[PDB]
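Single chain ahead, written as structure tokens, the form deposited in one PDB entry.
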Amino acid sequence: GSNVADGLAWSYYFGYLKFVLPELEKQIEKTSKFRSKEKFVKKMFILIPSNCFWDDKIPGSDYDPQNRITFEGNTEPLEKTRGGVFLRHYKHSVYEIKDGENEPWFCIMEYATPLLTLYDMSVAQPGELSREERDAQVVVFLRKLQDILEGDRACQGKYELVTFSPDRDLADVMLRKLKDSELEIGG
């Protein structure tokens, strides 16, 4: 078959999200700077650009035209060996997002890395995955990932999927989602 998105979503979960998401808040709290910070939403914001592509660096990127996003630092690494085959270390990037004259937000942002495979396939093997087929697979990936994560009680409230077109301002998108997050001051 050609429905690559199903496999991408399941491996994204079992090979990463399943064990990083429940532990994320605790990992963040291991850093005093992060304990001290208010307006720090602890959910992982998983970024899903409709074009399966992004600048390697989020701050100042085409998705950040107003330069309101700044890299703050990384969380303390989680160590895990995968079936005794290879060793992995997992850590996440914290970003500051400006909110005018108010206190800026801190948040966890990450592009959905399985999208790299969709993009690579469309460029290296166009016969297997056309641009239009890639577009559709993004949607399939999103819907399956939603089903998987929503089926895991341990992941509840630990993430937020963010879909957007490449013409959008990520800072604006994120600011709105951060304000709509459950986190209140002192929380």
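Residue numbers run from 1 along the displayed sequence. Note that the rigid core is defined as the largest set of C-alphas that superpose within 1.5 Å between two forms.
Per-stretch averaging of Cα B factors for 170-178 and 7-15 places 170-178 on top. For the two regions 109-117 and 73-81, the entry's Cα B-factors average higher over 73-81.
For the set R134, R68, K33, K43, the maximum C-alpha B-factor listed in the entry falls on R68. For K26, the recorded CA temperature factor ranks within the highest third of the chain's modelled residues.
When the CA B factors of the chain's modelled residues are split into thirds, the value for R88 lands in the lowest one.
Sort the chain's modelled residues by C-alpha temperature factor and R153 lands in the middle third, per the entry.
Although not depicted, the form deposited in another entry is the subject of the following passage.
Comparing C-alpha positions between this form and the one not shown after a rigid core fit, one residue in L142, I148, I28, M121 moves 2 angstroms or more. It is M121. Core-superposed comparison between this form and the one not shown: CA of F164 displaced by 2 Å or more. Comparing the forms between this form and the one not shown, the C-alpha position of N74 differs by less than 2 angstroms, with the core used for superposition.
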